[PDB]
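>
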Amino acid sequence: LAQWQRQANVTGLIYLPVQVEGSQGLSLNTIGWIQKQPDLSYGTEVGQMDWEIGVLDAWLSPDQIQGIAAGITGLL
Amino acid sequence: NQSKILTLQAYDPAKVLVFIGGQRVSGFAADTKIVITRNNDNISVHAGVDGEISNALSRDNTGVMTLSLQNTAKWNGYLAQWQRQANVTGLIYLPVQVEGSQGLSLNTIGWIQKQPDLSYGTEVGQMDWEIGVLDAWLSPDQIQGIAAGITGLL
Amino acid sequence: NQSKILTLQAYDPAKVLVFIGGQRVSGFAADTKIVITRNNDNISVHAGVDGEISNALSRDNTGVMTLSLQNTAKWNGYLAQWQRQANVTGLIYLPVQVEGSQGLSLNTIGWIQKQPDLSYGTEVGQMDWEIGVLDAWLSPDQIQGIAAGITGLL
Amino acid sequence: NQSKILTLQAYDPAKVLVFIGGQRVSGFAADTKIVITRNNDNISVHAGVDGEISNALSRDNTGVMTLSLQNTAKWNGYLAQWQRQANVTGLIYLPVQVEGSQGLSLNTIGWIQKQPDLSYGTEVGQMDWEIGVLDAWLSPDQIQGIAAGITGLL
Amino acid sequence: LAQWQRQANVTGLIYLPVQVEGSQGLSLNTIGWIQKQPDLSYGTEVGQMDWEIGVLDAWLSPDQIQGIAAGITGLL
Amino acid sequence: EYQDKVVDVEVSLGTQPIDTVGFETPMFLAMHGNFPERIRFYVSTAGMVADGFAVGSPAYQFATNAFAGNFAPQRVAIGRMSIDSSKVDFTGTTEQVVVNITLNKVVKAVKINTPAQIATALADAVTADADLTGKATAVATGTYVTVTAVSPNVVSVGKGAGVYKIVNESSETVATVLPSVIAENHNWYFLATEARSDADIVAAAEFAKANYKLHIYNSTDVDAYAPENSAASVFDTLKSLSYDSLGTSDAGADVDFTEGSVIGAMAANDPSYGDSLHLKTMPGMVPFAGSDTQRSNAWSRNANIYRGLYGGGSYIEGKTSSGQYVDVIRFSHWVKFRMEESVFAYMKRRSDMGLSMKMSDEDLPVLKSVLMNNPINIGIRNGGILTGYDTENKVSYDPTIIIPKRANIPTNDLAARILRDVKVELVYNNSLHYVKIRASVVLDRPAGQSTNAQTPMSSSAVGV
Amino acid sequence: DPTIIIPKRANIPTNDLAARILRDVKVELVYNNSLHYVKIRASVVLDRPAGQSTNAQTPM
Amino acid sequence: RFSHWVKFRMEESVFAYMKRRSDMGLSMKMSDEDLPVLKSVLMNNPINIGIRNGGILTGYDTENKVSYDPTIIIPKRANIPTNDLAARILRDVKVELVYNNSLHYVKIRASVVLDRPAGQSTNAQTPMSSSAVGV
Amino acid sequence: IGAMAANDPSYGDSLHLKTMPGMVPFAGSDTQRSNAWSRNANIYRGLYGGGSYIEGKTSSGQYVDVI
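Just so you know, the protein sequences line up as chains X, S, C, Z, R, F, B, E and P, in that order. Under the UniProt record's numbering, the residues of the first sequence are numbered 81 to 156, in order. Under the UniProt record's numbering, the residues of the second sequence are numbered 3 to 156, in order. Under the UniProt record's numbering, the residues of the third sequence are numbered 3 to 156, in order. Under the UniProt record's numbering, the residues of the fourth sequence are numbered 3 to 156, in order. Under the UniProt record's numbering, the residues of the fifth sequence are numbered 81 to 156, in order. Under the UniProt record's numbering, the residues of the sixth sequence are numbered 3 to 96, 99 to 117, 123 to 473, in order. Under the UniProt record's numbering, the residues of the seventh sequence are numbered 407 to 466, in order. Under the UniProt record's numbering, the residues of the eighth sequence are numbered 339 to 473, in order. Under the UniProt record's numbering, the residues of the ninth sequence are numbered 272 to 338, in order.
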């Protein structure tokens, strides 16, 4: 990610596909980009970094038998 | 599937080397040695009413490097004297370098931004100096480079 | 590599001497005796759109020196009387000096900025006087000075 | 298979020598003479959600060395006087050495951390002094060394 | 173990294989490391030291005729 | 020893260094007389030319092709056979002909401008060079010119410009030479041969299976893609013998010796990943030009073909002569070598301190940990070895190791002091080679779907 | 285990008594064996391995 | 200079301890219960100042697989010949050390590129250590 | 001798596979090795980047360790 940050900064291309597969929940498949690099801290224990990745669309889509009931809840 | 060890060596805090002006810093605090943070977001996003999305890069790479030292450490005197020396002569910039043990590194120019408060109490006190950095881009020092030309798409 | 002792002597809080007007202060609080903080950052940074960076020094050295005393200490009366004496006569400045045991020191002019609140309860109360300082530059009193001409670069 | 004697000589408690400042300590308690314990774990472990494991070494080698003496022993006076001498003059460190009879040894710097409580009763009392140690790494004094280059793997 | 502790501290390599063979019970075979050195006490009788050794995976595996019945208990 | 400057800098313009990689050194059995040794190791074509090798010569072409791969090695082994003469065949058509010939450290480039006439003109031109005549010889015949060196002189002939072949003849047979070559050095893995007669290829294939080496050959034959009934090519010859050798058809295999490209796409590839050769690109090779039926025939004969798709070039199917994928063979060889090396390294270290291993139940079981270290675990980490529970057969893929007990060892082995019957099991992973998709398009309004909301039942209840 | 056997006086010949030397003390030992050679039998599977035998008895 | 410094200051430290120990009475005696204190006496002064100031090296060597830790050995009473008990002089005390080294000369290798650098190899495998082929 | 002099016989440790500085790897082929083995003429192989004595058999065929 660190190298890709500078590569995009120089060349000018920042977009790249992003995909998430849920185990027993919703999923996601859209385009995204790196928004902010997390802070780095060195200490007694192993540190952690929380990268932030943007998403063009943040609509969580299902991957289940759902679809036969969406035409039932409809009213009014 | 079996659990995998993320590294062969062990993250050793003593292996992290900080070079300010060409000398190694010593006498660090207890919990955290250094913290590096960017001042501004990398990329901004403009969202239109219709849904069109456009983004613009950010060229502000200034950052802040916190540095924790015990009040008994000798490096407190060096920084204190350099503060007044720069104030009088007018030269404030000096090289800054950080070597990671099993992580990213940093090598840029920096300056002293704020002197930490001093407190005397029952136990030994702590001072958290703030050092500015011209560019806060953490660079790798690993085998990375052969895969950056693979993730590329679209 | 072996662990090193950062000092030969031991940090003794009793060795920290505070001289306000030429007399030693006594009757301090439990946890913290004095805290010194700068009001403003040392150096400001201006970042342009293109990425150019320029900095300007700050000449505001005013600071605040917190001072904790037990409400039973006799020095509460001295400061209280001096407050009204200065209010009437118009002279508020008086020398301030701090001697560190194994750390930095301070020697400047100061004044009383705010009187702490008073509270009576089951246990002995505490009062945290605030003393201003004309300059809040912590100066060293060590062998430092032979290395300040070494860190210099660029 | 036949039972094997783990040693040729016999573990003799009198052969354990404690040298604090260059003098042998005498007049120990009944059950236990000395206990050495590390303050913190040697290696920490960070476990991720996916199962990745990473570890970081610990550089805190400070430890505590319990020391039990009869309240009638003369060494109680020596330590008591040294406590005040160090408190006044400010020097607290002194060498510490332990020689094992059929076990590990120790040789580092130490200091008095806490004075044990004193109790007078029907029988002779006991005092358990606590002596700090800069490094609590128990070192061997045996033929060990030719096999450490054998266990190594991975 | 004492010498290996300092050797690993200096060189930086802490991992080493660990294996346990049971007599009439389960076994274990994984990677491990020294986590904490036990306290040392000298007294009238011979002392004891309880070393703590970490293990990457703590799954006790069998070494018996087990395996023909695991496909029987399965239900639901 | 003495340095005149505290700090010195060598400014090299343009050039760059390259890191040191681990690899398997290939061996190319060429025929020549440039050095006395049976086998030598080179690190660059510059060293080979410095040894009197003519530019464009077979060994030079092989080396320059090998060093250009994405996984190219950093050393190349060159064998040596006897040499009787060499040929420059102009059969075909050709405007300017250039032939690079080096004779006893003397380098010259003869030039010339129907094949028989070109051959005669070249032969006459060769004799014009007094240096060549004194130390070398040339004669014309038909469409080819035969050149021979005078006994105390070494001649090397290599391609320049134009269309022609370069064929070297030697009395030494490969079967007789290889046993001597292996004696000097066994430190090489790939096997290649310059001679392209059927007998030489068969001999090399037989030798490789016995001495645990991988054989590669490019056939340049046209019967390679003849109709399936025409079992007359070398590819079909090897099938009958059930031999293993990665053979592929090509057009420049006898002017460039394209084995170098394959080796460079195979040398620095670790078998532990199970990384097949399916789509690996190789510089130097030329796309196969036949039609669909020819490709089908070639596949039926196990002759791999280089094909160009979507602008690039790609190998295909990586199959061997016997039908087994080359990937599996490489993995098996890797396991066979490294399990043995690990066990021997542990045993030697254990016996170098005294306390050598003894045949008892209290010491044997450590072999389990010894083997679970090195191959059995690196393979799992890199994905080559499969693990987990199978849901179809209801079986587990976990690697297993078994060691016999002392009571089960026959008395004879305790005298021979050799243990037997150690068993290990493994499950190999698989790459993906082909994919088939089923798309669908809708034009009008799609018909309304069934509105059943029940959880779909598994199977019909009616059963007796 | 090692074995040691010593004769009694009744079994000592007259000439041995005269020469004052004892014969026929017998000892017996066993010896360990360092490991020299080792052989392995690996096996690789490419497709899905088939189900194993499900006879979950105690093997006779 | 380092050798002379060690030679002088080890002797001065030992003599200073011995004189202070014999100036109060209770002079040192040749027995296993009092000799070992020389280990601490010597580990104070030179052997530790040298480590703190960087003159003396410590740690584990990765090449030879040896440690640089300073070592001190003291003989036991049972090993002292009877003659020395009359001469009242002890011998055979052994110490070991490893000296550090400064940097004197440096050599650099630079490189310059003019055209477009050629595309690098795109291998993503973890580089293997050594060839497997060995018998 | 230097690879065996200080070895304690009571461990029953084996001369096989030990490293002996000064000697050089044997350069014969496989059949030459087999012949030398048939004669009980121990050799000094070089494998996997090092060297190693082999089997330390005596002239009469008995292992040197038992002797």
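Note that the Cβ used here is the ideal one computed from N, Cα and C, for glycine as well.
How would you call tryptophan 131 of chain Z, buried or exposed, if buried means at least 16 neighbouring beta carbons within 10 angstroms?
Label assigned to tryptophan 131 of chain Z: buried.
> Output needed for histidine 48 of chain C: all residues of its chain with C-beta closer than 6 Å, excluding positions within five of it in sequence on either side, in chain order.
Closer than 6 Å at Cβ, skipping near neighbours: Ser56.
> Against chain F, with Cβ distances strictly below 8 Å, would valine 473 of chain E count as a contact?
Judged by the 8 Å Cβ criterion, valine 473 of chain E is in contact with chain F.
> Taking the alpha-carbon of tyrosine 334 of chain F as reference, which of F:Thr95, F:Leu441, F:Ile85, F:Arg316 has the nearest alpha-carbon?
Ranking the options by Cα distance to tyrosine 334 of chain F, first place goes to F:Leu441.
> Does any CB atom of chain E fall closer than 8 Å to the CB of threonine 91 of chain R?
So, interface residue.
> Return the chain-ordered list of same chain residues with a C-beta closer than 6 Å to the C-beta of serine 331 of chain F, the five sequence neighbours on each side being excluded.
For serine 331 of chain F, where only same-chain residues beyond five positions count, the Cβ hits under 6 Å are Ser251, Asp253.
> Hey, would you say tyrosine 4 of chain F sits closer than 8 Å to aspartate 91 of chain F, going by beta carbons?
Not in contact: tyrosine 4 of chain F and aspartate 91 of chain F (Cβ atoms no closer than 8 Å).
> Keeping to the same chain, check which residues put their C-beta closer than 7 Å to that of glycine 134 of chain R; ignore five residues upstream and five downstream.
Counting only Cβ-Cβ distances below 7 Å, and skipping sequence neighbours, we find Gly112, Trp113, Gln115.
> Within the 8 Å Cβ cut-off, does residue 204 of chain R reach chain E?
Given that chain R is displayed from residue 81 to residue 156, the structure contains no residue 204 of chain R and the question cannot be resolved.
> With distance defined between alpha-carbon atoms, name the residue in F:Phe346, F:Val164, F:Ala277, F:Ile272 nearest to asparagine 36 of chain F.
When each option's Cα is compared against that of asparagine 36 of chain F, the closest is F:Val164.
> To be precise: take each residue of the region 381–399 of chain F, compare its Cβ to all Cβ atoms of chain S, and keep it if any distance is under 8 Å. Which residues remain?
Those would be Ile389, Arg390, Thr396, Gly397, in chain order.
> List the endpoints of the continuous beta strand (DSSP E) containing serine 121 of chain X.
Unbroken beta strand (DSSP E) run through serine 121 of chain X: 120–123.
> Whole angstroms are fine: how far does the CA of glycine 29 of chain S sit from the CA of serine 141 of chain Z?
Approximately 26 Å between the Cα atoms of the pair.
> Which residues in the same chain as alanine 145 of chain F place their Cβ atom closer than 8 Å to its Cβ, once the five residues preceding and following it in sequence are excluded?
So the qualifying residues of the chain are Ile105, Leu107, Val135, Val156, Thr157, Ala158, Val159, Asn162, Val164.
> Given a threshold of 16 other Cβ atoms within 10 Å of its Cβ, counted over all protein chains shown, does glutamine 99 of chain Z qualify as buried or as exposed?
Buried is the call here.
> Taking the alpha-carbon positions, what's the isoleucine 22 of chain Z to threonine 34 of chain C distance?
Those two C-alpha atoms are separated by around 34 Å.
> Which residues in the same chain as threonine 64 of chain S place their Cβ atom closer than 6 Å to its Cβ, once the five residues preceding and following it in sequence are excluded?
Cβ neighbours of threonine 64 of chain S beyond the five flanking positions: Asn41.
> Name the chain X residues that come within less than 8 Å of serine 60 of chain Z, Cβ to Cβ?
In chain order: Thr124.
> Is there a Cβ of chain Z sitting closer than 8 Å to that of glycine 112 of chain R, yes or no?
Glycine 112 of chain R does not count as touching chain Z.
> May I have the straight-line CA-CA distance separating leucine 423 of chain E from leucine 373 of chain E, to the nearest angstrom?
Approximately 14 Å between the Cα atoms of the pair.
> Shorter than 8 Å from the beta carbon of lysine 445 of chain B to some beta carbon of chain F?
Cβ-Cβ to chain F under 8 Å: yes for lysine 445 of chain B.
> What are the boundary residues of the alpha helix (DSSP H) that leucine 423 of chain E is part of?
First-last of the alpha helix (DSSP H) with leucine 423 of chain E: 420–425.
> Put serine 331 of chain P into one of helix, strand or coil per three-state DSSP.
Of the three classes helix, strand and coil, the one that applies to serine 331 of chain P here is coil, per DSSP.
> Below 8 Å on the Cβ atoms is my guess for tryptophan 84 of chain S versus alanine 88 of chain C; work out the distance and round it to an integer in Å.
Not a contact, Cβ separation roughly 37 Å.
> Return no unless some Cβ of chain F is closer than 8 Å to the Cβ of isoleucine 152 of chain Z.
So yes, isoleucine 152 of chain Z belongs to the interface.
> Would you list the residues sitting across from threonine 68 of chain C in a DSSP beta bridge?
Its beta-bridge partners are C:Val37, C:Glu132.
> With DSSP run on the structure shown, which of helix, strand or coil describes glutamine 25 of chain Z?
Strand.
> Is it true that the CB of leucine 8 of chain S sits closer than 8 Å to the CB of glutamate 54 of chain Z?
Going by C-beta atoms, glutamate 54 of chain Z is nearer than 8 Å to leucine 8 of chain S.
> For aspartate 407 of chain B and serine 5 of chain Z, what's the separation of their Cα atoms in angstroms?
Each residue's alpha carbon lies about 13 Å from the other.
> Using beta carbons (cut-off 8 Å, strictly below), is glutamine 99 of chain R in contact with chain G?
In summary, chain G is missing from the structure at hand, where the protein chains are X, S, C, Z, R, F, B, E and P.
> Please identify, using Cβ separations under 7 Å, the residues of the region 8–27 of chain S that lie next to chain R, in order along the chain.
Those residues of the region 8–27 of chain S that come within reach of chain R (Cβ to Cβ, closer than 7 Å) are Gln11, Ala12, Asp14.
> Just the Cα atoms here: how many angstroms apart are residue 179 of chain X and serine 468 of chain E?
In this structure chain X extends from 81 to 156, so residue 179 of chain X is not present and cannot be described.
> Go ahead and label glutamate 203 of chain F buried or exposed: buried means 16 or more other beta carbons lie within 10 angstroms of its beta carbon, across all protein chains shown.
Flag for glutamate 203 of chain F reads buried.
> Is it a yes or a no for the region 382–401 of chain F touching the region 236–244 of chain F, going by three-plus beta-carbon pairs under 8 Å?
Not touching, per the Cβ criterion.
> For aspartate 91 of chain F, which residues does DSSP report across the bridge?
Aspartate 91 of chain F is bridged to F:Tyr153, F:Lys174.
> Need the endpoints of the alpha helix (DSSP H) that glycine 49 of chain F sits in, please.
Note, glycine 49 of chain F: alpha helix (DSSP H), 47–52.
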